[PDB]
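Quick note on the entry's author numbering: the sequence shown kicks off at 6 and runs consecutively.
Backbone N, C-alpha and C define an ideal beta-carbon position, used for all residues, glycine too.
The structure appears below as C-alpha cells.
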Amino acid sequence: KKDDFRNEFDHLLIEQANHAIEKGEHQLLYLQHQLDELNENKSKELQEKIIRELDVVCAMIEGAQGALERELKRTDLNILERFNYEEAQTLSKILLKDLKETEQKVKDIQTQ
Numbered sequence: 006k007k008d009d010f011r012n013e014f015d016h017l018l019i020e021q022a023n024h025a026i027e028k029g030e031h032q033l034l035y036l037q038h039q040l041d042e043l044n045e046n047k048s049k050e051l052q053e054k055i056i057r058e059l060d061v062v063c064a065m066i067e068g069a070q071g072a073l074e075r076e077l078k079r080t081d082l083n084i085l086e087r088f089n090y091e092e093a094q095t096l097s098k099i100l101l102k103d104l105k106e107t108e109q110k111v112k113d114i115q116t117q
C-alpha cells in the first residue's frame, strides 16, 4: 500500500492564541484541498459535494473568528499577556479543533 496526505510545517512569531487561530484558520483554507485528496478515495457520488459541505462548515466556523476580531477591541493584548496560560491553550484547542473537525471529517467522510 501507499499514502500521501496530512502534513504540518511553518510557524509565526506572535502569542500562542494568535498563532493558533492564525495557523488553524490558514490551515482550514489548506484543509479544503485535503477534501480533494480524499475525494479521489471516496470517489462514488458526493465527491464534488462533501468537499463543498465541509467547506460550508469550515467557512461558517471561519466567520466566528471575524466576531472574535471585534472582541479583540474589548480584550486588547494587555490582560491576554497573562491570560495566555489558559487563553493560548483554549485557542490552541481551536486550531486542533479546526483540524479534528475538517481533517478528521475527511477520514470520517462516507461513500454513497
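Rounded straight-line distance, which links the Cα of residue j to that of residue i
| i | j | result |
| --- | --- | --- |
| residue 22 | residue 15 | 16 Å |
| residue 89 | residue 20 | 8 Å |
| residue 116 | residue 92 | 38 Å |
| residue 18 | residue 49 | 43 Å |
Where residue i sits in the DSSP three-state scheme
| i | result |
| --- | --- |
| residue 8 | coil |
| residue 117 | coil |
Cβ neighbours of residue i in the same chain (closer than 6 Å, five flanking residues each side left out)
| i | result |
| --- | --- |
| residue 59 | 40, 107 and 110 |
Exposure of residue i, with buried meaning 16 or more beta-carbon neighbours within 10 Å
| i | result |
| --- | --- |
| residue 99 | buried |
| residue 103 | buried |
Same chain, Cβ closer than 8 Å to residue i, neighbours up to 5 away in sequence not counted
| i | result |
| --- | --- |
| residue 82 | 20 |
| residue 85 | 20, 22 and 92 |
Every unbroken alpha helix (DSSP H) inside the segment 30-93 [4 residues or more]: 55-79
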